[PDB]
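Presented below is the structure to which this report refers.
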Amino acid sequence: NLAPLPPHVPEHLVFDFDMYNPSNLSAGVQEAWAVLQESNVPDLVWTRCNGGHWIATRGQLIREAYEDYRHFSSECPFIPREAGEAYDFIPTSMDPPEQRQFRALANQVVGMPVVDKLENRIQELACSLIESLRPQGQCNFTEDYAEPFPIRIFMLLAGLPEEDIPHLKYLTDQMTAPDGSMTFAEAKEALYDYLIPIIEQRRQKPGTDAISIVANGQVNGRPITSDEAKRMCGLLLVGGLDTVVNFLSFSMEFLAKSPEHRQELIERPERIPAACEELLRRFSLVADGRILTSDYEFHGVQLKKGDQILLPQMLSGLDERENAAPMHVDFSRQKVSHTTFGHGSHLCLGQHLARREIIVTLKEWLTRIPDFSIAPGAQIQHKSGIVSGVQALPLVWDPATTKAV
Ligand code: HEM
Ligand SMILES: CC1(C)[C@H]2CC(=O)[C@]1(C)C[C@H]2O
Ligand SMILES: [K+]
């Protein structure tokens with residue numbers, strides 16, 4: 001349902017890609033997006049869907065634009081424009097140099113030292129969950145594992161009660177892959193209002209949790225305000241609750257459908273870190289963007305001030321110019337090139353936590369439930385958006401084949 005072509009946009013660059021409902025979604029969501037890398041598709045195209053915006057389709061351009069924050073601003077990073085304008089999460093809605101003071105604070109609460117700290121706890125959350133599912137011979141992996149494992153890890157990190165999980169998870173869904181019940185803005189404001197009273201509790205009586213640290217943080221030589229803390233904690237929550245959740249489901253759908261790749265990791269456990277990186281390339285799932293700060297000529301194309309440009313992080317590693325046979329999963333692939341965690345100054349802060357959650361899941365699942373497949377008669381369906389995902393993943397196994405360590 002398409003917006004009229006802006007005067008400055010050449011009509012031969014039009015390709016009406018809908019990022020929330022792409023044409024070939026039934027073939028798998030990465031497959032659907034990959035059509036933007038067809039021979040007949042330009043390196044930089046314009047879609048009239050979702051209010052109209054640019055799309056960079058190749059890794060070269062995507063990296064280039066994410067590096068140039070002077071022209072491509074993160075102030076309005078979501079499509080549609082109404083979402084992007086409402087978007088005020090910290091650090092992401094800020095450009096350097098102002099972004100950097102807030103990024104250091106956020107890195108304090110989810111960075112590698114924190115993750116090393118939480119290793120034994122992450123390991124047990126996984127094992128407890130899997131040992132509980134193991135004798136049942138079946139699960140809906142998205143809501144039985146993919147959702148609770150990362151989210152309990154985050155609630156742990158944030159010092160938040162697991163009672164609040166249903167409320168919170170719903171809100172984050174609306175911001176990346178909404179049904180239509182709430183706009184981005186009201187979903188975001190709901191999350192903010194959840195966090196305000198907790199932030200104000202913890203400014204006064206400090207702490208070791210992510211919220212306490214953020215609420216007591218110092219930025220620009222001053223205390224962080226309750227409103228800044230809120231904009232940052234909201235982002236950490238969205239980060240903590242929606243991407244890994246979705247990625248685990250892509251990777252497990254794949255392993256469920258490929259006994260060979262399972263047995264490779266079963267037989268060669270040391271390969272699991274390398275396998276994790278190649279899964280991150282193949283089932284890359286993020287796509288947001290930037291907004292033009294001024295009129296600018298970019299690879300032969302005149303971009304105007306206020307134009308929005310989708311720079312799909314997902315597409316870089318599926319680009320056949322960056323990786324040979326991109327849709328093929330090769331755990332021994334020699335140079336794994338992707339931008340799954342982003343590129344430029346907003347490079348994912350949670351990527352060390354994310355890899356840990358992924359690698360612990362692969363290790364602990366295949367150690368206990370080595371053999372499993374898609375439930376008979378089931379057809380897996382994907383969804384698309386800022387963060388694409390899997391709607392459901394019913395898995396089955398013979399409990400007799402399962403192990404206890
Ligand atoms: C598979 C897992 C994940 C993927 C693929 C992913 C992807 C990304 C991407 C592509 C960006 C850059 C977005 C942009 O440039 O606009 C980003 C940023 C960010 N991510 Fe992640 N993410 C993951 C997990 C996490 C986790 C677990 C957290 C934990 C809180 C997290 C927190 C953040 C934060 C705070 C930023 C903003 C950094 C900044 O703006 O400076 N992410 N993520
Ligand atoms: C695009 C993101 C994945 C990234 C910045 C966002 O707003 C996210 C949706 C959460 C954060 O990690
Ligand atoms: K904004």
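Chain labels A, B, ... are given in the sequence in which chains occur in the structure tokens; within each chain residues are numbered consecutively from 1, and ligands are likewise numbered from 1 in the order shown.
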Give me, as a Markdown table, the closest atom pair and its distance (Å, one decimal) for every residue of chain A within a cut-off of 9 Å of ligand 3, counting only C-alpha atoms and all ligand atoms, rows sorted by chain and rising number.
```
| residue | atom | partner | partner_atom_place_in_ligand_line | distance |
| --- | --- | --- | --- | --- |
| A:74 | CA | ligand 3 | 1 (K) | 8.0 |
| A:75 | CA | ligand 3 | 1 (K) | 4.8 |
| A:76 | CA | ligand 3 | 1 (K) | 4.3 |
| A:77 | CA | ligand 3 | 1 (K) | 7.3 |
| A:78 | CA | ligand 3 | 1 (K) | 8.4 |
| A:81 | CA | ligand 3 | 1 (K) | 8.8 |
| A:82 | CA | ligand 3 | 1 (K) | 8.8 |
| A:83 | CA | ligand 3 | 1 (K) | 7.8 |
| A:84 | CA | ligand 3 | 1 (K) | 5.1 |
| A:85 | CA | ligand 3 | 1 (K) | 3.7 |
| A:86 | CA | ligand 3 | 1 (K) | 5.0 |
| A:87 | CA | ligand 3 | 1 (K) | 4.3 |
| A:88 | CA | ligand 3 | 1 (K) | 5.0 |
| A:89 | CA | ligand 3 | 1 (K) | 8.3 |
| A:93 | CA | ligand 3 | 1 (K) | 6.3 |
| A:94 | CA | ligand 3 | 1 (K) | 8.9 |
```
List every residue of chain A that has an atom at most 7 Å from any atom of ligand 2, giving for each one its closest atom pair and the distance in Å to one decimal, counting only C-alpha atoms and all ligand atoms, sorted by chain and then by ascending residue number, as a Markdown table.
```
| residue | atom | partner | partner_atom_place_in_ligand_line | distance |
| --- | --- | --- | --- | --- |
| A:92 | CA | ligand 2 | 5 (C) | 6.0 |
| A:176 | CA | ligand 2 | 9 (C) | 6.0 |
| A:235 | CA | ligand 2 | 10 (C) | 6.1 |
| A:238 | CA | ligand 2 | 10 (C) | 5.2 |
| A:239 | CA | ligand 2 | 12 (O) | 4.1 |
| A:243 | CA | ligand 2 | 3 (C) | 6.2 |
| A:286 | CA | ligand 2 | 3 (C) | 6.1 |
| A:287 | CA | ligand 2 | 1 (C) | 6.9 |
| A:288 | CA | ligand 2 | 1 (C) | 5.9 |
| A:348 | CA | ligand 2 | 12 (O) | 6.3 |
| A:386 | CA | ligand 2 | 9 (C) | 6.4 |
| A:387 | CA | ligand 2 | 9 (C) | 6.4 |
```
Go ahead and save the residues from that selection, with N, CA and C atoms, as a tab-separated table (two decimals), in the first residue's frame.
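This is the output file result.tsv:
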```tsv
chain	number	residue	atom	x	y	z
A	92	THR	N	21.57	4.27	20.87
A	92	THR	CA	21.39	4.07	19.43
A	92	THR	C	20.87	5.32	18.68
A	176	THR	N	9.64	-4.36	17.34
A	176	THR	CA	10.48	-4.91	16.27
A	176	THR	C	9.66	-5.68	15.24
A	235	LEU	N	16.47	0.25	25.98
A	235	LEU	CA	17.21	-0.34	24.88
A	235	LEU	C	17.86	-1.65	25.27
A	238	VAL	N	15.17	-4.33	25.24
A	238	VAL	CA	14.86	-4.72	23.87
A	238	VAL	C	15.96	-5.59	23.30
A	239	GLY	N	17.20	-5.15	23.51
A	239	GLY	CA	18.37	-5.94	23.19
A	239	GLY	C	18.41	-7.29	23.89
A	243	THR	N	16.42	-10.31	20.04
A	243	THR	CA	17.29	-10.80	18.96
A	243	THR	C	17.77	-12.23	19.15
A	286	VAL	N	18.82	-8.93	11.62
A	286	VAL	CA	18.54	-7.51	11.90
A	286	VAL	C	18.56	-6.64	10.63
A	287	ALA	N	17.66	-5.66	10.60
A	287	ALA	CA	17.67	-4.64	9.55
A	287	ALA	C	17.10	-3.30	10.05
A	288	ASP	N	17.95	-2.36	10.41
A	288	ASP	CA	17.42	-1.03	10.63
A	288	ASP	C	18.17	-0.06	9.73
A	348	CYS	N	27.04	-3.84	17.84
A	348	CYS	CA	26.36	-4.45	18.98
A	348	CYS	C	27.20	-4.52	20.26
A	386	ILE	N	12.15	-5.28	11.75
A	386	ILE	CA	13.43	-4.82	12.26
A	386	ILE	C	14.28	-6.00	12.70
A	387	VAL	N	13.66	-6.89	13.47
A	387	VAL	CA	14.28	-8.15	13.86
A	387	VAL	C	13.36	-9.26	13.40
```
Those of segment 339-398 of chain A in DSSP strand (DSSP E or B), formatted as a VMD selection string: chain A and resid 373 to 374 382 to 383 387 389 to 390 394 to 396
All residues having an atom within 6 Å of ligand 1 (only C-alpha atoms and all ligand atoms) as a PyMOL selection string: chain A and resi 91-92+103+235-236+239-240+243-244+247+286+288+313+340-342+346-351+353-354
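Counting only C-alpha atoms, the residue from A:308, A:220, A:263, A:401 that sits nearest to residue 102 of chain A is A:220.
Distances here use only C-alpha atoms; by that measure, the residue among A:329, A:168, A:16, A:26 closest to residue 379 of chain A is A:26.
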Computed interatomic separation between atom CA of residue 384 of chain A and atom CA of residue 174 of chain A (Å):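 These atoms are spaced 12.4 Å apart.
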Selection near residue 129 of chain A, 8 Å with only C-alpha atoms, sequence-local residues under 4 positions removed, as a VMD selection string: chain A and resid 125 133 145 149
